[PDB]
Structure formats: C-alpha cells, structure tokens
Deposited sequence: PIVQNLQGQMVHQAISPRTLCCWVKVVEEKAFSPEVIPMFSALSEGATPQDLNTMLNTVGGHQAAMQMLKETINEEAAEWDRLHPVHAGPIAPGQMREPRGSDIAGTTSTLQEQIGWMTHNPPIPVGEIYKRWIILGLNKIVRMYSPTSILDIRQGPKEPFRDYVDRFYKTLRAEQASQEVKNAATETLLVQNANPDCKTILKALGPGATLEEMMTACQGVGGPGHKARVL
C-alpha cells in the first residue's frame, strides 16, 4: 500500500502479514457473506493493484467465484479502454496484469494522482457484489415467516436477504414499512397490527416472543 512518510511524501509499504492473514481467514470462514465486502475495503486502504492481486491470489477454494471475479475485471478493463484510449495506463495496467509495481507507484503518487488502486478496487467490489448475490442461500421471492418460526429468526433472514440482494435504500425502506409485517405468520401478523403504526422493530420483536 501507499502511505505518506513523516516528511509528507507518498511512499510504499509492502502488504503486511497481519493484513494478509486476517483477509485470508475472513474469506475462508465467511465464504461470500455480504460483510466480506466492507471487510475487503477496510483491509485494502491505499492498496496498489499489486497488493490487490496478492489479496485475490491468496484466497483458497472458491475458484468458481474467483474465476467470475476475473471475468468482471476483464469486462471493466475493456470498458475503461473504450472510454480512455510517464505513459497512460490501459485497462490491464489498472488490473495490474501488464504493469509493474514501479509504474503503479508512479501513477498513485503523481500530483495530481491517478489512483489506479481505487479504480481497480471498484472493479473488484463490483465483482464481489455479483458473487455475494449469487451465493446467498436466500432470495427475494421467498421471504415469509414459517408457521412455527420464531419472529427473530424470520427477521434475520429478511434482513440478510435484503443485504445480499443489494436492495436500494428506497427498496429496503419499502420492505421494512410493508413486508416485514405483511409476510409474518398469522399469529405474529395479528399481534403486529395491534401495535398500530410507528412500532419499532424492538417493540415488534418483544410483542412476538
């Protein structure tokens, strides 16, 4: 990654072991649960395209997803080239495949900077979103409380599904206002209507325990 020295100038640590080992552990354990994405962001502050590739190349298993992620990176690089045909970085320079660590550093610490790091990062995040959406056990079409299901379990699947579907804040708000109550089992749904409007999720969960 790139960091400024005490003197204020832009230099460069190599990716630290603590970072890598945390990243590796997290991807293993969580598979592609939606929280993997903000984790990836937080672990990759200031990363060069070379650090980003080390992160992708050290994930074990999930080769189907790593392969899709590679396709999405290819589609975004091609797209970058169409819109923007030392030297100027091509799409592949940004994904760090046809560029050197030295070139990458040049661009990132230039003034004004070309943050190839940040650009590659958005392509990776775009690929992760797709993979999180594919991997979710759950879907939009199926979100109703089971007849015997605790209200808390159902609320967990409801929000877990929203987060994975990458619902827009409007859609999330709509689903909270409507569905949550609408798709509850009849016992709970009845209790919930009695609370009347303006019921907090806290009040609703307390009412149905």
property	result
Deposited positions without coordinates, collected into consecutive stretches in sequence order	86 to 95, 220 to 231
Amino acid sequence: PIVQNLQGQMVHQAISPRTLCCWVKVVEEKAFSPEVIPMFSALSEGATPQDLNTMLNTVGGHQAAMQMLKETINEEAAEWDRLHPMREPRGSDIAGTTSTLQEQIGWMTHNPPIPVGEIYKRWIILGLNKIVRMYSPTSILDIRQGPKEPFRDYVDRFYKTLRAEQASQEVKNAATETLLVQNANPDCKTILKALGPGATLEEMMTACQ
From here on, numbers count along this sequence of modelled residues.
item: Stretch with the higher entry mean CA B-factor, where the candidates are 21 to 29 and 5 to 13; value: 5 to 13
item: Segment of higher mean CA temperature factor, 36 to 44 or 171 to 179; value: 171 to 179
item: From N74, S136, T98, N111, residue of greatest CA B-factor; value: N111
item: CA B-factor placement of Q102, once the chain's modelled residues are sorted into thirds; value: highest
item: Chain-relative CA temperature factor third for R152; value: middle
item: Chain-relative CA temperature factor third for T58; value: lowest
item: Third of chain Cα B-factors occupied by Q145; value: middle
item: Chain third (lowest, middle, highest) by recorded CA B-factor, residue given as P115; value: middle
